[PDB]
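Shown next as structure tokens: one chain only, the form deposited in one PDB entry.
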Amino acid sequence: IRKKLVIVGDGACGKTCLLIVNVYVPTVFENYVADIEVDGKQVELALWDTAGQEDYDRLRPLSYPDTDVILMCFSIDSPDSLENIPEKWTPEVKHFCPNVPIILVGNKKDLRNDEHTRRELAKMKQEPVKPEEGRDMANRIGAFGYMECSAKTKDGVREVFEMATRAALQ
């Protein structure tokens, strides 16, 4: 079974690291493949990696055709990236991918309790995204589901792609 997954979300919010776990270099356009088994079904999952910068807004629609599931990411140490979910990512994805299931993914979960992150966000009167805030946003945009993960610690990563696969298969 072949299914197509596209991942989108703010620049540097952790998209490529999430794919790879399954360097400091921004992606322009890359493709990967992952094999996943869920519910007795074996799926060959094509992973379409995209650029999060607005510089590449006119390029991203090259990745959207015939998509089976969307990973829509933000980073838990970036409340800006969460605010960009309803402001930028959801309108774009729903414009180009109607009726495609969206997994809302909170990346970098390891930084929520990180003292350095909390100290640095504090200087800007910010704090890490709370789990409830992520879940509420997933509810708000009508996501297929909400998942938090850390590519760094691997926490929740397997669960993200299993959910994405089940979404694609359904």
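Residue positions are given as counts along the sequence shown, with the first one as 1. For the two forms, the rigid core is made up of the largest set of C-alpha atoms that agree within 1.5 Å on superposition.
One more form of this protein, deposited in another entry, exists but is not displayed; see below.
Undergrad: Using a core superposition, identify the member of 120, 37, 136, 54 whose Cα displacement between the shown form and the other one reaches 2 Å or more.
TA: Among the listed residues, the one whose C-alpha moves by 2 Å or more is 54.
Undergrad: Given a CA distance change of at least 3 Å, are residue 29 and residue 34 closer or farther in the other entry?
TA: Closer is correct, given that in the other entry the C-alpha spacing of residue 29 to residue 34 is reduced by at least 3 Å.
Undergrad: Residue 29 to residue 61, Cα distance in the other entry relative to here: closer or farther, by 3 Å or more?
TA: Farther apart in the other entry, by 3 Å or more.
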